[PDB]
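J.: Pasting in a structure now, in structure tokens, and then I'll have a few things to ask.
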Amino acid sequence: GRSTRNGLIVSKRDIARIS
Amino acid sequence: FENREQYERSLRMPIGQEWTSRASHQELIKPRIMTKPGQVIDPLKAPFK
Amino acid sequence: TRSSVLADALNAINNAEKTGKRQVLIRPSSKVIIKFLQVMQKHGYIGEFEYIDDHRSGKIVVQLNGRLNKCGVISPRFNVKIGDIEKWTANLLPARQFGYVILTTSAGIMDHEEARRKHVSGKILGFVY
Amino acid sequence: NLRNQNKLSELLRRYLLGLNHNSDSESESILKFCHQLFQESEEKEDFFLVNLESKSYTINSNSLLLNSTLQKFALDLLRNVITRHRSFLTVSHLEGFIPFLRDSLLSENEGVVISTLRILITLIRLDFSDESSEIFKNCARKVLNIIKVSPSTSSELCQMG
Amino acid sequence: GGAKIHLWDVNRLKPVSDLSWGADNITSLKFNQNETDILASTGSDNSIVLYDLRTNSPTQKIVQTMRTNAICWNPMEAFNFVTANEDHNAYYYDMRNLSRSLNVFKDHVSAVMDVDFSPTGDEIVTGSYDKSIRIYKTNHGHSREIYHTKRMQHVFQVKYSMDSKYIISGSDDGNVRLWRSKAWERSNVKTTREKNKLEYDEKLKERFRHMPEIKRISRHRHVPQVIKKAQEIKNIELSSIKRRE
Amino acid sequence: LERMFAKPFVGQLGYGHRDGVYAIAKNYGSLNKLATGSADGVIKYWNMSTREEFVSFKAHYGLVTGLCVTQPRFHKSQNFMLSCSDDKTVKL
Amino acid sequence: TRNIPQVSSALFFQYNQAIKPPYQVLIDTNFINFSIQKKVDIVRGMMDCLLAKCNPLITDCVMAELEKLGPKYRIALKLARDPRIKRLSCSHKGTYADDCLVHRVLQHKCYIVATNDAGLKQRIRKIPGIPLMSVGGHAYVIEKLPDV
Amino acid sequence: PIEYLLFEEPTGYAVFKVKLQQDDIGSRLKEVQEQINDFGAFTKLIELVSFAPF
Amino acid sequence: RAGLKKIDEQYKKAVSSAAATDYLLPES
RNA sequence: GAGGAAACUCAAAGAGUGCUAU
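Chains as they are written, first to last, in PDB author numbering: chain A, 312 to 330; chain B, 851 to 899; chain C, 2 to 130; chain D, 1782 to 1823, 1841 to 1959; chain E, 197 to 441; chain F, 50 to 124, 131 to 147; chain G, 41 to 188; chain H, 3 to 56; chain I, 43 to 70.
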């Protein structure tokens, strides 16, 4: 996932793909 | 040192083999700290502290 | 856009570790922040840390021993399963056994280790390694 | 861990209190039972094998802790019995436990030694043979050794000493 | 030394005695080598506490502007010890009068993590987070030498070989390194001629120690670039304060 | 001459420790012996002459927060060392 | 005394009949870094790519090179120190790892070389019967290994 | 910590006394190893005290 | 004074010893 | 220019080796 000041960002598609 | 006079008096004589006798050369040169090569050096112990 | 207090604390700790500073002041404080900190501390990545109450949000000061490679808060809050946990680690940690993913479950905030041992699951918070 | 050991010590005390009210406490069988506790108390292959574990096992030895824990129970049970039942407080009944008392006196753990001192104080009045009498003399020497090693007299072991 | 400083005996599984000045935790300790009954400890509140076993109680306490990470007692001076402090400084202290320090060492740029006396008692070695090891003469306040390399990452343990001829360093990179106490000296037995000739260079160098040219050569060292920029900015900060005050 | 002779580094002790070294203890009675520890919980006893380990122990689950060598007088052939760690134990 | 090295007895033309499971892989410095980038375990990936037990070897030179890299690559140093990794001693002054691996390969013909450096890769390609291992995409790849 | 050395020769037993003890830490350093080859340095280390021929 | 005093005897003793070595001169 | 012969001859250097070089 992309890294941001707020924090690392993970897409919903990634969550489904990993899951 | 406190002034030059104390300095140059300390600086006046060389230590050299050409300049001073072989014996006088040896006592002028022997270092303050002397340790045996491969022996244990232990902390000092005082007589009655 | 302002960031969450957790993220700010994490970034401050990372920055200071990377500049070699040994003490960091974090403000504001929170139970999520503090709990995540003892998780780190149990894993030894950080040392002594201390809490100022100012009658307000509060402040922390953390001793750093330089063993922290990177710590971060992951987002968004997606749920994690027990028997599946491993793959997220493989995705979210540099290597197999290196690092600790932090997860908030019904039994509290904890690394995935005490998590799988307790057979508990819940929400992921971030990572430390 | 220590906190669990403290918890175990409490239960063993709760068990001991129950025996005090147990009818078995009045029989001679318990002395044999306490006797039982004392004696019971006293390259090419690796070239081929895949290894997936980077963690090494940590060395631990809790057998001594079991020995002391069992040892402590039997001393406390024995002292509780003899104080409660006067008939058991006799040389013949307690002759066999003397070799266990002397061994318990050398034990590293202070609590078991404390219980060893408590029973020995109970048996001081009781008559004993030549071999069974030196234990009192030896313990008098040991408590001085405890006092010598101990930094301060304000200690649970030393106070009992 | 943990949350509380405890005295232990090998043959007693429980802590034999409990020492404590206050509720604060203890970070480090070091027994004395000459008056072995005296002990000193370091606390997280920037304090140094002294103890005597003969009395079984703490004896004296002083609070510093910063925490001390390590403390070493002088092998040749029973009442004298050195402390590794977190202000890039190492402080030399006489036990009897702790209101003042005997000497101060300043040449590090990060907090000194470990300090050790030479078993001869006439040099001290300091380890710092700034990736360097410094050796100081006991009567002089500046290091005569600096050790370093890329491969060492943060000095956390520095020790003198018990013969005073080598220095052992432990860093966080996972390597324990050995160093010569004097870089130019060699461990081989010398002929009486070599011993006299090598000796002559010493007094003759000590003889003209402060001459301009010899200072240029003798003082010069290869220091990592990270350290000097820290030193150069530090000198600017100090000068502004001094010009100011 | 002294500068071009200034040749300080001599070597390293074997392969070192896994994690960072945080505790070193010297044998005040033996010249060529060290006990070293790291955050990995492993402790190593070294022969300085060989730069080789006498033995290595995974002493603690936690970090080796202290290390000392001793000659315990229990109430020539073997040496003894003491290790303490944040796991709330000290091992001889 | 003019000298012509003998061709290794292990080699039939371009075929290395000598190499058999389990294999030896010498690890190059870059190979650790790229491995961490792709989240591929050193041991599991080798045994997956090659379908055989793998006995990785890190020489002193490459170990020195990693721990020369600095604080940025402390992770690589830690992974390189995994106990399943064995370490190989060296007896030459230079810390240059590229030549050391080449010299070992010319001399002993059981060794796989795990590297990504374009400079190294062609040379080992010129040396006959040396399987070449690299990490590409999502897993490792073995080039000159007839058994696969 | 070595003060006497026992050596056995085909003619007999030879006992030596160690005047100087070599460094143990740098025992493998090249310069000390060269000394063992060098008679001049070596003679400083030890001396013959007794010899008992068969 | 003591350290500065002491070096002065290291001075005078050295020169006096050197004068004594004027005797060993092999010839005249 | 390339060489040859003679030596208790006269030189200029290189390398190794030996002998208490303490």
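Note that CB positions come from ideal geometry on N, CA and C, so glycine has one too.
Could one say the Cβ of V1848/D lies closer than 8 angstroms to chain G's Cβ atoms, at least one of them?
T.: So, interface residue.
J.: I believe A55/F touches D68/F by the beta-carbon criterion, under 8 angstroms. Please report the beta-carbon distance rounded to the nearest angstrom.
T.: Not a contact, Cβ separation roughly 32 angstroms.
J.: On the CB-based measure, 16 or more other CB atoms within 10 Å of its CB, does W869/B come out buried or exposed?
T.: Classification of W869/B: exposed, given that the 10 Å Cβ count is below 16.
J.: Whole angstroms is fine: what's the gap from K146/F's alpha carbon to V145/G's?
T.: Looking at the two C-alpha atoms, the distance is approximately 46 angstroms.
J.: Span of the beta strand (DSSP E) holding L7/H?
T.: Per DSSP, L7/H belongs to the beta strand (DSSP E) from 6–10.
J.: With distances taken between CB atoms, is the gap from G318/A to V74/C smaller than 8 angstroms?
T.: Yes, Cβ-Cβ distance for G318/A and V74/C is below 8 angstroms.
J.: Apply the 10 Å Cβ neighbour rule to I437/E and answer buried if 16 or more other Cβ atoms are within range, or exposed otherwise.
T.: It counts as exposed.
J.: So that I know if they touch, is there some Cβ in chain F lying closer than 8 angstroms to that of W380/E?
T.: Output row for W380/E: interface = yes.
J.: Under 8 angstroms by Cβ, that's how I've got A56/I and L878/B pegged, so tell me the actual separation to the nearest angstrom.
T.: Rounded, the Cβ-Cβ distance is 7 angstroms, consistent with contact.
J.: Rounded to whole angstroms, what's the CA-CA distance from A280/E to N230/E? Just pull it up for me.
T.: Taking the straight line joining both Cα atoms gives about 20 angstroms.
J.: What residue range is occupied by the uninterrupted beta strand (DSSP E) comprising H202/E?
T.: Element bounds for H202/E: 201–203.
J.: For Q856/B and chain I, any beta-carbon pair shorter than 8 angstroms?
T.: With 8 angstroms as the cut-off, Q856/B counts as an interface residue toward chain I.
J.: Give the straight-line distance between the Cα atoms of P186/G and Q57/G, rounded to the nearest whole angstrom.
T.: Computed Cα separation, rounded: 9 angstroms.
J.: Between the region 32–52 of chain C and chain F, which residues of the former have CB atoms less than 7 angstroms from a CB of the latter, in chain order?
T.: Answer in chain order: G45.
J.: Which word fits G115/F, buried or exposed, when buried means at least 16 other C-beta atoms lie within 10 angstroms of its C-beta?
T.: Classification of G115/F: buried, given that the 10 Å Cβ count is 16 or more.
J.: What residue from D122/G, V80/G, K166/G, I59/G has the CA that sits closest to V181/G's CA?
T.: Checking every option, the nearest Cα to that of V181/G belongs to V80/G.
J.: Taking 8 angstroms as the cut-off, decide whether the C-beta atoms of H113/C and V102/C are in contact.
T.: Yes, they are a contact pair.
J.: Considering only their Cβ atoms, is the gap separating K226/E from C268/E smaller than 8 angstroms?
T.: Their beta carbons are under 8 angstroms apart, which means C268/E touches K226/E by this criterion.
J.: If we call anything under 8 angstroms between Cβ atoms a contact, is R1916/D one with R1877/D?
T.: A contact, by the Cβ cut-off of 8 angstroms.
J.: Measuring only between beta-carbons, confirm whether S1854/D sits less than 8 angstroms from chain F.
T.: Chain F, which has a Cβ nearer than 8 angstroms to the Cβ of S1854/D, makes this yes.
J.: Assign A896/B to one of three DSSP states: helix, strand, or coil.
T.: Correct three-state label for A896/B: coil.
J.: At a CB-CB cut-off below 9 angstroms, which residues of chain H make contact with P887/B?
T.: Those are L22, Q23, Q24, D25, listed as they occur along chain H.
J.: Does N371/E come out as helix, strand or coil in the three-state DSSP assignment?
T.: Residue state, collapsed to three classes: coil.
J.: Note down, in chain order, each residue of its chain lying with its Cβ closer than 6 angstroms to the Cβ of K93/F, except the 5 sequence neighbours on either side.
T.: Result list for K93/F: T85, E102, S105, in chain order.
J.: Please classify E273/E as buried or exposed, where buried requires at least 16 neighbouring CB atoms within 10 angstroms.
T.: Under this definition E273/E is a buried residue.
J.: Which of helix, strand or coil does DSSP assign to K1788/D?
T.: Looking at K1788/D - three-state DSSP - the assignment turns out to be helix.
J.: Of the residues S1790/D, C1956/D, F1926/D, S1854/D, which one's Cα is nearest the Cα of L1863/D?
T.: Of the candidates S1790/D, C1956/D, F1926/D, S1854/D, the one whose C-alpha sits nearest the C-alpha of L1863/D is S1790/D.
J.: Please check if any C-beta of chain G sits within less than 8 angstroms of the C-beta of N70/C.
T.: Judged by the 8 angstroms Cβ criterion, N70/C is in contact with chain G.
J.: So with CB distances below 9 angstroms, who are the chain B contacts of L80/F?
T.: Those are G888, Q889, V890, listed as they occur along chain B.
J.: Taking the C-alpha atoms as reference points, what is the distance between residue 1825/D and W380/E?
T.: No atoms are given for residue 1825/D, which sits in the stretch of chain D between 1823 and 1841 that the model skips.
J.: Along the region 80–114 of chain F, where does the CB come closer than 9 angstroms to a CB of chain C? Name the residues.
T.: Cβ contacts with chain C: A88, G111, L112.
J.: Which residues in chain F sit within 7 angstroms of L7/H, going by Cβ to Cβ distance?
T.: The contacting residues do not exist; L7/H stays about 18 angstroms from chain F at best.
J.: Can you name the residues of chain E whose CB is closer than 7 angstroms to the CB of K46/H?
T.: Result: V385.
J.: Quick test of your reading: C94/G and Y63/G, contact by CB under 8 angstroms. State the CB separation rounded to the nearest angstrom.
T.: Their Cβ separation, rounded to whole angstroms, is 6 angstroms, which keeps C94/G and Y63/G in contact under 8 angstroms.
J.: Name the DSSP beta bridge partners of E273/E, please?
T.: According to DSSP, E273/E bridges with nothing at all.
J.: What are the start and end residues of each continuous alpha helix (DSSP H) run of 4 or more residues lying completely inside the region 1878–1928 of chain D, in chain order?
T.: With a minimum length of 4 residues, the continuous alpha helix (DSSP H) runs that stay inside the region 1878–1928 of chain D are 1889–1892, 1896–1903, 1908–1920.
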